[PDB]
Amino acid sequence: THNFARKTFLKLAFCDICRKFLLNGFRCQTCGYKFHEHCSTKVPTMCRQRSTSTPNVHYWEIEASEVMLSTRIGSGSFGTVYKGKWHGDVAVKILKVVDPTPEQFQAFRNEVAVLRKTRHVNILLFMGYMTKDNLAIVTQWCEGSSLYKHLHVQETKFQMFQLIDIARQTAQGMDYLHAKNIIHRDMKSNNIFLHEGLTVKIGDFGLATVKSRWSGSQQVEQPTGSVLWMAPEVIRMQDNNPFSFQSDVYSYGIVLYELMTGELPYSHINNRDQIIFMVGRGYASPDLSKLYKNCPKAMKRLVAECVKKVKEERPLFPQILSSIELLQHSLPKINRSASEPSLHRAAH
Amino acid sequence: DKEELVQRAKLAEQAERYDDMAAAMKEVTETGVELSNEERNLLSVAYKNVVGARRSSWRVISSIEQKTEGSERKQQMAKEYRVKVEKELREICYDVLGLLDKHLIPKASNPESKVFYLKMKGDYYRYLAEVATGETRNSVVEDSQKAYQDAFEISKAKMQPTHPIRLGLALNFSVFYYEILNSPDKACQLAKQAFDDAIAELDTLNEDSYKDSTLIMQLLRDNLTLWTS
Amino acid sequence: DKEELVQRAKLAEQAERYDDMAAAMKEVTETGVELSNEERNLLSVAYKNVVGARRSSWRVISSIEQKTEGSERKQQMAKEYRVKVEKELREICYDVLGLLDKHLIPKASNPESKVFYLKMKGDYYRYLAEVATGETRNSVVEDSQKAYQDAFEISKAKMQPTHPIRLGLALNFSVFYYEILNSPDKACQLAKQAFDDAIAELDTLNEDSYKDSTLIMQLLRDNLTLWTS
Amino acid sequence: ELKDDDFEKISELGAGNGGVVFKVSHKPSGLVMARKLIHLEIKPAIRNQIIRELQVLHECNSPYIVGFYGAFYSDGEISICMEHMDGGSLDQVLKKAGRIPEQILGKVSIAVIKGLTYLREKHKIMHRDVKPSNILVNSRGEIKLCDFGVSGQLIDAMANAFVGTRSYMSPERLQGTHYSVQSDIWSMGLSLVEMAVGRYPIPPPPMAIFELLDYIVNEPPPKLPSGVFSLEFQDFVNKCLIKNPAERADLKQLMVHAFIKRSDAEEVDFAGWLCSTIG
Ligand SMILES: Nc1ncnc2c1ncn2[C@@H]1O[C@H](COP(=O)(O)OP(=O)(O)OP(O)(O)=S)[C@@H](O)[C@H]1O
Ligand SMILES: Nc1ncnc2c1ncn2[C@@H]1O[C@H](COP(=O)(O)OP(=O)(O)OP(O)(O)=S)[C@@H](O)[C@H]1O
Ligand SMILES: O=C(NOCCO)c1ccc2cncn2c1Nc1ccc(I)cc1F
Ligand SMILES: [Zn+2]
Ligand SMILES: [Zn+2]
């Protein structure tokens with residue numbers, strides 16, 4: 001079904017096979033599958049190299065007495081969120097750890113410094129941490145409702161281009177996160193906030209030393225967080241540290257799926273332990289037939305690759321961002337009825 | 001000379017430059033030789049990419065123009081450039097239409113070729129329809145409708161319902177009906193009748209006409225689903 | 001008004017039409033005023049697309065020319081097409097160079113602007129160097145090498161190791177070394193030094209410009225892996 | 001009729017993945033209540049459905065099942081008012097005492113069997129959560145079951161929970177096959193083996209949750225250490241821990257089963273033992 005025709009990609013494009021920079025290749029007209037001329041040999045159609053040149057472009061902590069904790073907002077996997085008024089509206093999360101190990105505390109201090117070094121439009125600001133009210137962290141308050149609350153309890157209606165730009169902003173935030181060598185463990189819709197109504201703000205990133213319990217001076221290396229968005233390889237925990245960029249890619253793919261279906265994955269399974277067992281063994285995957293009918297094939301393909309069972313096949317976030325921007329540019333062209341396409345104009 | 005020119009057209013196609021291909025095939029068929037299957041396919045695809053680049057540009061400029069009609073003077077430049085694109089879109093189509101009326105349609109000695117060229121003419125008047133406004137729109141859509149009906153009658157009379165060119169003609173006819181003629185019910189009915197008359201007789205397709213025929217069927221599937229309402 | 005041509009070129013950019021964008025940017029820089037950050041990028045991108053289309057065309061045509069391997073006139077007409085697209089390419093490159101050394105490089109007070117313009121000059125002279133073979137090849141190779149060195153000195157002196165311009169200049173200069181001068185040893189040396197200097201100041205990647213920087217770094221990695229084998 | 005503002009917490013009864021339970025006081029009637037706070041975010045219509053299906057619990061009264069006062073939605077949480085239990089759950093007494101003596105183990109097992117039989121026959125309500133922490137004992141010796149699946153929509157909403165450490169699910173439920181009260185019987189047997197030995201007996205005398213699921217799915221069921229328990233209890237736990245639901249025995253066999261009638265026949269003053277071991 002692949003309508004492969006020669007195409008020179010004048011924008012930011014990446015091969016769908018070698019996941020590297022693609023400037024000349026073959027593009028499929030109906031979906032948008034692209035690959036190199038040399039990648040054709042290794043291309044699993046499922047609908048001499050020249051050096052690449054330059055592509056086209058375009059307070060250490062916080063004192064607890066300074067803050068005031070307002071009425072409780074909610075509870076989560078590893079903390080309880082309260083409203084704060086420390087230099088304006090803030091969010092204070094009281095971590096469930098009561099007696100942190102000194103080594104755990106030192107590692108947490110290193111990680112809070114690392115997260116403080118970051119500053120980006122698509123993520124929530126990380127101001128600092130406190131030690132008086134047990135172990136607590138302070139993040140930017142988002143008056144807007146969460147993406148999970150928007151999708152399910154509030155059921156705010158969003159047109160498809162809005163969904164697409166929400167996915168774009170989330171991918172931008174996570175691309176920035178991975179650029180700073182940060183693995184945003186525990187990534188789900190409850191951590192995504194629609195600030196100012198539409199802008200995507202990603203929160204609750206990092207903090208491995210706090211999310212996972214410590215059995216003394218060594219980390220337990222145990223999964224924690226919501227089950228639905230958890231990657232298979234971290235659910236299995238056949239490795240001590242399976243948290244990587246691809247686990248975040250899988251979590252973002254689950255977020256994409258629930259964005260393009262309006263419902264959580266594995267809706268027919270209503271128990272956490274069964275979900276753990278099936279996802280770990282690969283028996284359960286987010287079924288795509290629930291995707292919206294008006295969904296562009298490119299989005300279906302992207303959410304398909306983002307949730308791949310094998311870790312290595314999941315695309316990195318720069319590729320995901322490039323695909324999302326390509327789809328955004330193609331949206332005005334294909335937003336109407338379709339006609340007779342080009343017939344079998346394939347090489348070799 | 002003609003073989004040299006068709007080879008040059010293939011080379012220009014492989015080189016991503018379609019205007020050279022369009023000129024080469026245009027002056028291939030100006031000579032007046034019998035246009036074979038591969039030649040006319042190359043001509044159609046050459047003009048299709050040539051017209052489609054500017055068509056997508058027109059869609060983009062119109063979409064960026066209609067974001068907020070109540071805005072500053074910049075929209076005047078936008079509409080002027082859109083009119084310029086149309087002025088660089090209507091004349092190419094006119095060239096194709098004149099080529100059809102003078103050379104392609106007259107010396108068509110094959111009913112398949114005749115319905116193919118009539119579908120071409122209907123397609124290009126349909127392309128002129130979107131850029132046209134007012135009474136000009138009605139005049140151009142009259143020609144597109146007449147060409148489409150003439151193609152439809154010969155397609156019923158001579159060809160099979162499962163023929164990929166016939167399926168493409170039916171698909172384009174339905175697209176014409178509910179994009180300009182604003183007849184969603186009639187367009188859906190046409191798509192459904194083409195679909196069921198095609199699938200009523202299956203597994204009889206030619207091995208070469210395997211990918212294209214089913215591709216047009218899948219395109220018809222999506223179009224029907226898109227406008228089931 | 002000069003801004004009018006600016007967002008006309010921008011609109012042509014989002015309309016995929018880069019020939020009108022190239023002409024608009026050329027007319028804008030013809031006014032003799034200094035370009036802003038956005039306009040300079042727009043001009044560089046516009047001519048990048050224009051030359052890139054012809055470069056891909058030339059690569060394809062040369063590949064069929066080397067692929068036919070027969071005894072006919074087919075290779076003669078392939079060579080004719082190649083030389084036609086070659087002279088078109090040379091016309092584009094000479095036009096952008098005349099723009100470069102008469103309006104951009106002579107008037108460049110900001111050092112980063114000078115690095116950008118010298119990198120462009122070296123890139124375009126490299127473009128003419130890979131299409132022109134003979135006595136004139138050495139002259140353009142020398143001009144590209146001199147422009148690359150002049151950019152290299154300024155980038156080393158007053159440019160951060162993680163700047164996209166410096167990394168891109170290093171990548172382009174290493175490609176110049178490997179492809180034109182056929183010396184992989186010094187190309188790998190230069191690319192290795194650039195990559196290591198970029199890795200050293202890894203933490204200095206602001207939110208305004210990080211994607212491009214890491215993109216260049218990844219391309220440098222790929223280029224190293226390709227060269228070392 | 002139950003409101004948030006009518007209750008104030010005295011202390012913390014317990015905690016878990018589902019939520020936290022607090023002891024509160026009812027002003028109109030003057031009795032201490034155990035209010036379970038489970039946090040969940042679902043549609044308002046789903047809130048009404050959960051409340052309606054929890055209203056079924058009013059008629060689920062039995063000596064071996066905890067009662068039900070009322071359920072209401074205050075703010076993003078489904079507060080369930082339950083009959084306060086003083087002796088807590090068996091998890092606390094496992095934390096206190098090294099191991100439960102076999103007599104009280106028989107007592108709690110027969111209490112569970114009787115209560116869950118009552119539920120199956122009079123309400124057809126699936127427990128689905130037979131765990132040591134979900135079964136409670138009193139100072140006076142009363143043993144009742146709590147936290148069973150009356151509201152299927154509550155089950156669906158709670159499906160989006162966090163990853164736990166230990167599991168008490170039958171292998172057939174994890175595989176997704178057909179599950180019946182046989183699965184609850186398995187869970188009860190696994191809980192009993194939990195009680196008898198002094199630790200979580202999946203690696204029988206540091207293991208991932210998925211690894212525990214793999215152990216309980218693709219390995220033979222655990223068996224208690226012989227020589228420190230009666231043969232009747234041994235055959236009880238062996239029959240209860242059967243991977244195949246068909247060969248595992250249903251409630252009718254459990255009620256007549258020999259260890260059960262021997263435990264029922266004996267009279268044990270375990271109320272005093274419990275008060276000594278928790279006081
Ligand atoms: N920055 C914030 N601004 C506003 N509300 C917030 C913010 N962070 C969290 N919340 C709210 O706090 C509740 C979530 O509490 P959390 O402990 O963050 O649980 P979570 O969203 O599941 O994330 P975890 O803790 O990373 S598993 C919801 O009501 C959120 O809307
Ligand atoms: N009526 C009650 N009286 C006293 N303590 C109670 C009462 N109800 C609940 N608790 C305590 O609160 C805890 C709440 O946890 P449960 O939901 O019953 O089970 P659990 O430990 O959470 O199991 P999971 O796997 O973590 S959901 C119980 O384990 C008891 O310790
Ligand atoms: O709470 C539950 N399971 O506990 C584990 C984590 O909470 C639970 C689970 C499912 C359910 C369906 N309908 C009510 N359900 C529960 N509640 C509950 C049930 C019966 C009684 I009596 C009192 C209660 F509070
Ligand atoms: Zn495809
Ligand atoms: Zn590739």
# chains A, B, ... in the order shown; residues from 1 in each chain; ligands from 1
call {"tool": "interface_residues", "arguments": {"of": "chain B", "to": "chain A", "cutoff": "6 Å", "atoms": "only C-alpha atoms", "output": "PyMOL selection string"}}
result
chain B and resi 56+168+172
call {"tool": "write_last_selection", "arguments": {"atoms": "N, CA, C and O atoms", "output": "PDB file, in the first residue's frame"}}
result
ATOM      1  N   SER B  56      -1.751  23.370  -3.416  1.00  0.00           N
ATOM      2  CA  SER B  56      -1.455  23.334  -1.990  1.00  0.00           C
ATOM      3  C   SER B  56      -0.991  24.696  -1.496  1.00  0.00           C
ATOM      4  O   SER B  56      -1.328  25.102  -0.378  1.00  0.00           O
ATOM      5  N   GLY B 168     -11.310   5.571 -10.171  1.00  0.00           N
ATOM      6  CA  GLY B 168     -10.831   6.925  -9.958  1.00  0.00           C
ATOM      7  C   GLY B 168     -11.799   7.967 -10.480  1.00  0.00           C
ATOM      8  O   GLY B 168     -11.995   9.011  -9.857  1.00  0.00           O
ATOM      9  N   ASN B 172     -13.479  10.800  -8.150  1.00  0.00           N
ATOM     10  CA  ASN B 172     -13.342  12.219  -8.447  1.00  0.00           C
ATOM     11  C   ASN B 172     -14.699  12.851  -8.714  1.00  0.00           C
ATOM     12  O   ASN B 172     -14.926  14.017  -8.377  1.00  0.00           O
TER      13      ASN B 172
END
call {"tool": "interface_residues", "arguments": {"of": "chain B", "to": "chain C", "cutoff": "7 Å", "atoms": "only C-alpha atoms", "output": "PyMOL selection string"}}
result
chain B and resi 15-16+57+60-61
call {"tool": "write_last_selection", "arguments": {"atoms": "N, CA, C and O atoms", "output": "PDB file, in the first residue's frame"}}
result
ATOM      1  N   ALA B  15      14.428  13.816 -11.340  1.00  0.00           N
ATOM      2  CA  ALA B  15      15.211  14.944 -10.857  1.00  0.00           C
ATOM      3  C   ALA B  15      14.396  15.928 -10.031  1.00  0.00           C
ATOM      4  O   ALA B  15      14.920  16.983  -9.665  1.00  0.00           O
ATOM      5  N   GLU B  16      13.121  15.599  -9.765  1.00  0.00           N
ATOM      6  CA  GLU B  16      12.241  16.424  -8.883  1.00  0.00           C
ATOM      7  C   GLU B  16      11.798  17.740  -9.553  1.00  0.00           C
ATOM      8  O   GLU B  16      11.024  18.483  -8.912  1.00  0.00           O
ATOM      9  N   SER B  57      -0.220  25.419  -2.312  1.00  0.00           N
ATOM     10  CA  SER B  57       0.153  26.779  -1.939  1.00  0.00           C
ATOM     11  C   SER B  57      -1.080  27.662  -1.785  1.00  0.00           C
ATOM     12  O   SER B  57      -1.157  28.480  -0.861  1.00  0.00           O
ATOM     13  N   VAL B  60      -2.796  26.820   1.444  1.00  0.00           N
ATOM     14  CA  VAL B  60      -2.060  27.352   2.586  1.00  0.00           C
ATOM     15  C   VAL B  60      -2.296  28.850   2.722  1.00  0.00           C
ATOM     16  O   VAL B  60      -2.548  29.358   3.823  1.00  0.00           O
ATOM     17  N   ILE B  61      -2.219  29.585   1.611  1.00  0.00           N
ATOM     18  CA  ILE B  61      -2.371  31.033   1.707  1.00  0.00           C
ATOM     19  C   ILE B  61      -3.798  31.395   2.092  1.00  0.00           C
ATOM     20  O   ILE B  61      -4.020  32.321   2.876  1.00  0.00           O
TER      21      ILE B  61
END
call {"tool": "atom_distance", "arguments": {"atom1": "CA of residue 113 (chain A)", "atom2": "CA of residue 147 (chain A)"}}
result
27.6 Å
call {"tool": "atom_distance", "arguments": {"atom1": "CA of residue 228 (chain B)", "atom2": "CA of residue 193 (chain B)"}}
result
13.9 Å
call {"tool": "residues_near_ligand", "arguments": {"ligand": "ligand 2", "cutoff": "6 Å", "atoms": "only C-alpha atoms and all ligand atoms", "output": "PyMOL selection string"}}
result
chain D and resi 13-18+20-21+34+82-86+88-89+133-134
call {"tool": "write_last_selection", "arguments": {"atoms": "N, CA, C and O atoms", "output": "short mmCIF file (atom, residue, chain, number, x, y, z; two decimals), in the first residue's frame"}}
result
data_model
loop_
_atom_site.label_atom_id
_atom_site.label_comp_id
_atom_site.auth_asym_id
_atom_site.auth_seq_id
_atom_site.Cartn_x
_atom_site.Cartn_y
_atom_site.Cartn_z
N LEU D 13 -6.06 5.12 61.37
CA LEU D 13 -6.31 3.69 61.57
C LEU D 13 -5.35 2.84 60.76
O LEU D 13 -4.86 1.81 61.24
N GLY D 14 -5.08 3.23 59.52
CA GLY D 14 -4.20 2.46 58.66
C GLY D 14 -4.02 3.19 57.34
O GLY D 14 -4.64 4.22 57.08
N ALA D 15 -3.14 2.63 56.52
CA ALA D 15 -2.82 3.21 55.23
C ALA D 15 -2.54 2.10 54.22
O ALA D 15 -2.24 0.96 54.59
N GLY D 16 -2.65 2.45 52.95
CA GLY D 16 -2.40 1.50 51.88
C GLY D 16 -2.42 2.20 50.55
O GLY D 16 -2.51 3.43 50.46
N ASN D 17 -2.32 1.40 49.49
CA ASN D 17 -2.36 1.95 48.14
C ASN D 17 -3.72 2.58 47.84
O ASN D 17 -3.79 3.63 47.18
N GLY D 18 -4.80 1.96 48.32
CA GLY D 18 -6.12 2.50 48.06
C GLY D 18 -6.34 3.86 48.70
O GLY D 18 -6.83 4.79 48.05
N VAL D 20 -6.30 6.10 52.90
CA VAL D 20 -6.04 6.18 54.33
C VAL D 20 -7.38 6.25 55.07
O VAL D 20 -8.31 6.92 54.63
N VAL D 21 -7.46 5.53 56.18
CA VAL D 21 -8.68 5.45 56.99
C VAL D 21 -8.45 6.21 58.29
O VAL D 21 -7.40 6.05 58.93
N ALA D 34 -15.18 4.34 61.31
CA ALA D 34 -13.98 4.24 60.49
C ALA D 34 -14.30 4.76 59.09
O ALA D 34 -15.00 4.10 58.32
N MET D 82 -17.59 3.29 57.46
CA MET D 82 -17.64 1.89 57.85
C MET D 82 -17.73 1.78 59.37
O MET D 82 -17.35 2.70 60.10
N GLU D 83 -18.25 0.65 59.84
CA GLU D 83 -18.30 0.37 61.27
C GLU D 83 -16.89 0.29 61.83
O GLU D 83 -16.12 -0.61 61.48
N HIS D 84 -16.54 1.24 62.70
CA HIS D 84 -15.15 1.29 63.24
C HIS D 84 -14.73 -0.07 63.81
O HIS D 84 -15.51 -0.67 64.58
N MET D 85 -13.53 -0.54 63.45
CA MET D 85 -13.00 -1.81 64.01
C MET D 85 -11.85 -1.48 64.97
O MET D 85 -10.93 -0.75 64.55
N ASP D 86 -11.91 -1.97 66.21
CA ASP D 86 -10.87 -1.62 67.22
C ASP D 86 -9.60 -2.45 67.02
O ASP D 86 -8.50 -1.86 67.04
N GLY D 88 -8.21 -3.53 64.57
CA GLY D 88 -7.52 -3.31 63.31
C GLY D 88 -7.62 -4.53 62.40
O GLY D 88 -8.50 -5.38 62.54
N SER D 89 -6.70 -4.61 61.45
CA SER D 89 -6.64 -5.73 60.53
C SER D 89 -5.60 -6.74 61.02
O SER D 89 -4.83 -6.48 61.95
N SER D 133 -4.89 -7.59 55.16
CA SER D 133 -5.23 -6.23 55.56
C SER D 133 -6.70 -5.90 55.34
O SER D 133 -7.18 -4.89 55.88
N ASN D 134 -7.43 -6.70 54.57
CA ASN D 134 -8.84 -6.48 54.32
C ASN D 134 -9.75 -7.32 55.21
O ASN D 134 -10.97 -7.27 55.04
#
call {"tool": "calpha_fit_rmsd", "arguments": {"fixed": "chain B", "moving": "chain C"}}
result
0.8 Å
call {"tool": "residues_near_ligand", "arguments": {"ligand": "ligand 4", "cutoff": "10 Å", "atoms": "only C-alpha atoms and all ligand atoms", "output": "list in words"}}
result
residues 1, 2, 3, 4, 27, 28, 29, 30, 31, 32, 33, 34, 45, 46, 47, 297, 298 and 301 of chain A
call {"tool": "residues_around", "arguments": {"residues": "residue 63 (chain D)", "least_positions_apart": "2", "cutoff": "9 Å", "atoms": "only C-alpha atoms", "output": "list in words"}}
result
residues 61, 65, 66, 67, 115, 142, 143 and 144 of chain D
call {"tool": "write_last_selection", "arguments": {"atoms": "N, CA and C atoms", "output": "PDB file, in the first residue's frame"}}
result
ATOM      1  N   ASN D  61     -25.714  -6.886  55.578  1.00  0.00           N
ATOM      2  CA  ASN D  61     -25.453  -6.978  57.009  1.00  0.00           C
ATOM      3  C   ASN D  61     -25.326  -8.441  57.401  1.00  0.00           C
ATOM      4  N   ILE D  65     -19.537  -9.899  58.290  1.00  0.00           N
ATOM      5  CA  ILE D  65     -19.242  -8.858  57.313  1.00  0.00           C
ATOM      6  C   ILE D  65     -19.389  -7.513  58.007  1.00  0.00           C
ATOM      7  N   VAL D  66     -18.410  -6.624  57.813  1.00  0.00           N
ATOM      8  CA  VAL D  66     -18.518  -5.292  58.394  1.00  0.00           C
ATOM      9  C   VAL D  66     -19.737  -4.582  57.808  1.00  0.00           C
ATOM     10  N   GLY D  67     -20.360  -3.735  58.621  1.00  0.00           N
ATOM     11  CA  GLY D  67     -21.548  -3.024  58.202  1.00  0.00           C
ATOM     12  C   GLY D  67     -21.222  -1.883  57.252  1.00  0.00           C
ATOM     13  N   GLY D 115     -18.466 -15.701  55.922  1.00  0.00           N
ATOM     14  CA  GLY D 115     -18.871 -14.396  55.425  1.00  0.00           C
ATOM     15  C   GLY D 115     -18.943 -14.335  53.912  1.00  0.00           C
ATOM     16  N   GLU D 142     -14.825 -10.651  67.417  1.00  0.00           N
ATOM     17  CA  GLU D 142     -15.591 -10.635  66.179  1.00  0.00           C
ATOM     18  C   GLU D 142     -14.653 -10.487  64.986  1.00  0.00           C
ATOM     19  N   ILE D 143     -14.876 -11.299  63.956  1.00  0.00           N
ATOM     20  CA  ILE D 143     -14.085 -11.256  62.731  1.00  0.00           C
ATOM     21  C   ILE D 143     -15.029 -10.991  61.567  1.00  0.00           C
ATOM     22  N   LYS D 144     -14.768  -9.920  60.822  1.00  0.00           N
ATOM     23  CA  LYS D 144     -15.607  -9.531  59.699  1.00  0.00           C
ATOM     24  C   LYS D 144     -14.738  -9.161  58.506  1.00  0.00           C
TER      25      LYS D 144
END
call {"tool": "closest_atom_pairs", "arguments": {"of": "chain A", "to": "chain D", "cutoff": "8 Å", "atoms": "only C-alpha atoms", "output": "JSON lines"}}
result
{"residue": "A:74", "atom": "CA", "partner": "D:76", "partner_atom": "CA", "distance": 7.8}
{"residue": "A:75", "atom": "CA", "partner": "D:39", "partner_atom": "CA", "distance": 7.4}
{"residue": "A:77", "atom": "CA", "partner": "D:162", "partner_atom": "CA", "distance": 6.7}
{"residue": "A:149", "atom": "CA", "partner": "D:41", "partner_atom": "CA", "distance": 7.6}
{"residue": "A:152", "atom": "CA", "partner": "D:43", "partner_atom": "CA", "distance": 6.5}
{"residue": "A:153", "atom": "CA", "partner": "D:43", "partner_atom": "CA", "distance": 4.2}
{"residue": "A:154", "atom": "CA", "partner": "D:43", "partner_atom": "CA", "distance": 7.0}
{"residue": "A:220", "atom": "CA", "partner": "D:206", "partner_atom": "CA", "distance": 7.9}
{"residue": "A:222", "atom": "CA", "partner": "D:208", "partner_atom": "CA", "distance": 6.8}
{"residue": "A:223", "atom": "CA", "partner": "D:163", "partner_atom": "CA", "distance": 6.8}
{"residue": "A:224", "atom": "CA", "partner": "D:163", "partner_atom": "CA", "distance": 5.7}
{"residue": "A:225", "atom": "CA", "partner": "D:162", "partner_atom": "CA", "distance": 5.1}
{"residue": "A:226", "atom": "CA", "partner": "D:162", "partner_atom": "CA", "distance": 4.4}
{"residue": "A:227", "atom": "CA", "partner": "D:162", "partner_atom": "CA", "distance": 5.7}
{"residue": "A:228", "atom": "CA", "partner": "D:160", "partner_atom": "CA", "distance": 6.6}
{"residue": "A:235", "atom": "CA", "partner": "D:210", "partner_atom": "CA", "distance": 6.6}
{"residue": "A:236", "atom": "CA", "partner": "D:210", "partner_atom": "CA", "distance": 5.7}
{"residue": "A:237", "atom": "CA", "partner": "D:208", "partner_atom": "CA", "distance": 6.9}
{"residue": "A:267", "atom": "CA", "partner": "D:156", "partner_atom": "CA", "distance": 7.8}
{"residue": "A:269", "atom": "CA", "partner": "D:159", "partner_atom": "CA", "distance": 7.5}
{"residue": "A:270", "atom": "CA", "partner": "D:156", "partner_atom": "CA", "distance": 4.6}
{"residue": "A:271", "atom": "CA", "partner": "D:159", "partner_atom": "CA", "distance": 4.6}
{"residue": "A:272", "atom": "CA", "partner": "D:159", "partner_atom": "CA", "distance": 5.2}
{"residue": "A:273", "atom": "CA", "partner": "D:174", "partner_atom": "CA", "distance": 6.8}
{"residue": "A:274", "atom": "CA", "partner": "D:174", "partner_atom": "CA", "distance": 4.5}
{"residue": "A:276", "atom": "CA", "partner": "D:210", "partner_atom": "CA", "distance": 6.8}
{"residue": "A:277", "atom": "CA", "partner": "D:174", "partner_atom": "CA", "distance": 6.2}
{"residue": "A:278", "atom": "CA", "partner": "D:175", "partner_atom": "CA", "distance": 7.3}
{"residue": "A:280", "atom": "CA", "partner": "D:210", "partner_atom": "CA", "distance": 6.9}
call {"tool": "residues_near_ligand", "arguments": {"ligand": "ligand 5", "cutoff": "6 Å", "atoms": "only C-alpha atoms and all ligand atoms", "output": "ChimeraX atom specification"}}
result
/A:15,17-18,20,35-36,39
call {"tool": "residues_around", "arguments": {"residues": "region 218-222 of chain B", "least_positions_apart": "3", "cutoff": "8 Å", "atoms": "only C-alpha atoms", "output": "PyMOL selection string"}}
result
(chain A and resi 338-340) or (chain B and resi 171+191+195+214-215+225-226)
call {"tool": "closest_residue", "arguments": {"among": "A:104, A:80, A:199, A:181", "to": "ligand 1", "atoms": "only C-alpha atoms and all ligand atoms"}}
result
A:80
call {"tool": "residues_around", "arguments": {"residues": "residue 98 (chain C)", "least_positions_apart": "6", "cutoff": "10 Å", "atoms": "only C-alpha atoms", "output": "list in words"}}
result
residues 92, 104 and 121 of chain C
call {"tool": "write_last_selection", "arguments": {"atoms": "N, CA, C and O atoms", "output": "mmCIF file, in the first residue's frame"}}
result
data_model
loop_
_atom_site.group_PDB
_atom_site.id
_atom_site.type_symbol
_atom_site.label_atom_id
_atom_site.label_comp_id
_atom_site.auth_asym_id
_atom_site.auth_seq_id
_atom_site.Cartn_x
_atom_site.Cartn_y
_atom_site.Cartn_z
ATOM 1 N N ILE C 92 22.726 30.315 -9.801
ATOM 2 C CA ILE C 92 22.213 30.555 -8.450
ATOM 3 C C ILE C 92 23.353 30.840 -7.481
ATOM 4 O O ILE C 92 23.279 31.768 -6.663
ATOM 5 N N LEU C 104 26.604 41.757 2.217
ATOM 6 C CA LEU C 104 26.525 41.057 3.493
ATOM 7 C C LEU C 104 27.871 40.966 4.202
ATOM 8 O O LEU C 104 28.008 41.446 5.329
ATOM 9 N N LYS C 121 29.604 31.718 2.317
ATOM 10 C CA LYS C 121 30.486 31.857 1.163
ATOM 11 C C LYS C 121 31.253 30.570 0.904
ATOM 12 O O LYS C 121 31.345 30.104 -0.238
#
call {"tool": "residues_near_ligand", "arguments": {"ligand": "ligand 1", "cutoff": "6 Å", "atoms": "only C-alpha atoms and all ligand atoms", "output": "JSON, numbers by chain"}}
result
{"A": [73, 74, 75, 76, 77, 78, 79, 80, 81, 91, 139, 140, 141, 142, 143, 146, 190, 191, 204, 225]}
call {"tool": "residues_around", "arguments": {"residues": "residue 127 (chain B)", "least_positions_apart": "3", "cutoff": "12 Å", "atoms": "only C-alpha atoms", "output": "PyMOL selection string"}}
result
(chain A and resi 339) or (chain B and resi 48+51-52+54-56+58-59+86+89-94+96-97+120-124+130-132+137+140-141+143-144+172+175-176+179-180)
call {"tool": "decode", "arguments": {"residues": "region 212-216 of chain D", "atoms": "N, CA, C and O atoms", "output": "tab-separated table (two decimals), in the first residue's frame"}}
result
chain	number	residue	atom	x	y	z
D	212	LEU	N	7.31	-11.39	41.21
D	212	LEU	CA	6.39	-12.15	42.06
D	212	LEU	C	5.22	-12.70	41.25
D	212	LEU	O	4.77	-13.83	41.48
D	213	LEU	N	4.69	-11.90	40.32
D	213	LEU	CA	3.62	-12.40	39.46
D	213	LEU	C	4.09	-13.56	38.61
D	213	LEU	O	3.37	-14.56	38.44
D	214	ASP	N	5.30	-13.47	38.06
D	214	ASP	CA	5.86	-14.58	37.31
D	214	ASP	C	6.04	-15.81	38.19
D	214	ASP	O	5.79	-16.94	37.76
D	215	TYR	N	6.44	-15.58	39.44
D	215	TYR	CA	6.62	-16.73	40.37
D	215	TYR	C	5.27	-17.40	40.59
D	215	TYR	O	5.19	-18.64	40.50
D	216	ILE	N	4.23	-16.62	40.86
D	216	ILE	CA	2.93	-17.21	41.18
D	216	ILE	C	2.19	-17.71	39.95
D	216	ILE	O	1.18	-18.40	40.10
